[PDB]
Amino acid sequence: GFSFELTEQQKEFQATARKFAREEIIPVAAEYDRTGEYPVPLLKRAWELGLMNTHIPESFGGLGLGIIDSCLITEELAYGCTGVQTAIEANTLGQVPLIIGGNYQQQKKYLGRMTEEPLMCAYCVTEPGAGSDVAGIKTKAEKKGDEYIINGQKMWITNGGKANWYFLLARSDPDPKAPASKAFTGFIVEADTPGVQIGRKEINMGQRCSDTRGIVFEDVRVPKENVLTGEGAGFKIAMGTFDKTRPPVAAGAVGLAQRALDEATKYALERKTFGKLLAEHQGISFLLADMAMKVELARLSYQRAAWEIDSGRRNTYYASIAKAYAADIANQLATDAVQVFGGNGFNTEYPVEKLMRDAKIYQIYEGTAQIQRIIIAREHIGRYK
């Protein structure tokens, strides 16, 4: 039957993650937002505490944690700073592909190292000309003997300048009329390969401590052994990846939303206007309630999507609903949080305007709001067949 009870092991990860977020992230998060330095020390910690690369199988020195587990950890982390957290998350983004489409040699090689040093990796799909339209990418992969020559340009790559290796999706079928299901190939590319031209750190509105970059690939030679499953299987790998990664990204949005709520509640229970506490103005108490409603709903949705994949079933439909819902109410709570703070809310000396800046990517990265509806509509309708 139904059960919304965490396991003992889960409660302990959660506690560990919560302590780290509230005692180590939070007190330093504000400064990193202002400076935009890579939160190296935070990451070195996360790793040591085992709150990084959680999906890596035990056979490669990993913890081999499930999707439910990661979601649980994520939410706690995100609560502190999604700038920091997204960096951690990007590691999982590049790992999953290898986990579901790599061989022992590949995994042992590239996943193994992650388990030894606090190294970082990244996930290169997006190009200047195509983000949402994956089948629209043009990074070319040309076979030349026992090597593949990669020529293309990637954009908005998280951990782009700090990564040891990249998952890279490239078009390997020059036939313009080739199906998406056969036109692409997934590769593992070591960042120190000649032809790899890492661009400047991009300056964005939010999650400013995160490393986001543009990377150019000029005659990058990749050993055939670096092909994940085989030529043409890149699209399958990419899609399969989302089932596992989408629920955790939703969780991160919930942690943000939860942060916003906590802060707004604290303040509403302190500040006075017209002789009453903010929380005593029915207008405000109603706002807070609607805020609370949404957090709980969003949390439920990722849980549902996570349990599903952990149960070994395609969770596309549920996963897409969570990401979509979590992303929208992270944005609504952020702006409502700034609102209860009044004048102080718009000021850089309070923790909420940052929340408002951060939350916005959730509606864009890893499947925009619109794309999510496309997917839900397809999965929904598909059921009437």
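Each residue number is its position in the shown sequence, starting from 1.
**Student:** For the C-alpha atoms alone, is the average B factor greater in 206-214 or in 232-240, going by the entry?
**Tutor:** Comparing 232-240 with 206-214, the higher mean C-alpha B-factor belongs to 232-240.
**Student:** Which has higher Cα B-factors on average according to the PDB entry: 298-306 or 111-119?
**Tutor:** On average, C-alpha B-factors are higher across 111-119.
**Student:** When you compare the CA B-factors of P41, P351, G61, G343 as listed in the entry, which one comes out on top?
**Tutor:** The C-alpha B-factor peaks, among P41, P351, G61, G343, at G61.
**Student:** Among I150, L261, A268, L77, single out the one with the highest C-alpha B factor in the record, please.
**Tutor:** Highest C-alpha B-factor among the listed options: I150.
**Student:** What third of its chain, lowest, middle or highest, does the C-alpha temperature factor of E48 fall into?
**Tutor:** Tercile = highest for this residue's CA B-factor.
**Student:** Taking only the Cα B-factors deposited for this chain, tell me whether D290 sits in the lowest, middle or highest third.
**Tutor:** According to the entry, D290 has a C-alpha B-factor in the chain's lowest third.
**Student:** How does the C-alpha B factor of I56 compare with the rest of the chain: lowest, middle or highest third?
**Tutor:** Tercile = highest for this residue's CA B-factor.
**Student:** Quick one: classify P176 as lowest, middle or highest third of the chain based on its Cα B-factor.
**Tutor:** It belongs to the highest third of the chain when residues are ordered by C-alpha B-factor.
**Student:** In terms of the chain's CA B-factor thirds, is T126 lowest, middle or highest?
**Tutor:** As the PDB entry reports it, the C-alpha B-factor of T126 lands in the lowest third of its chain.
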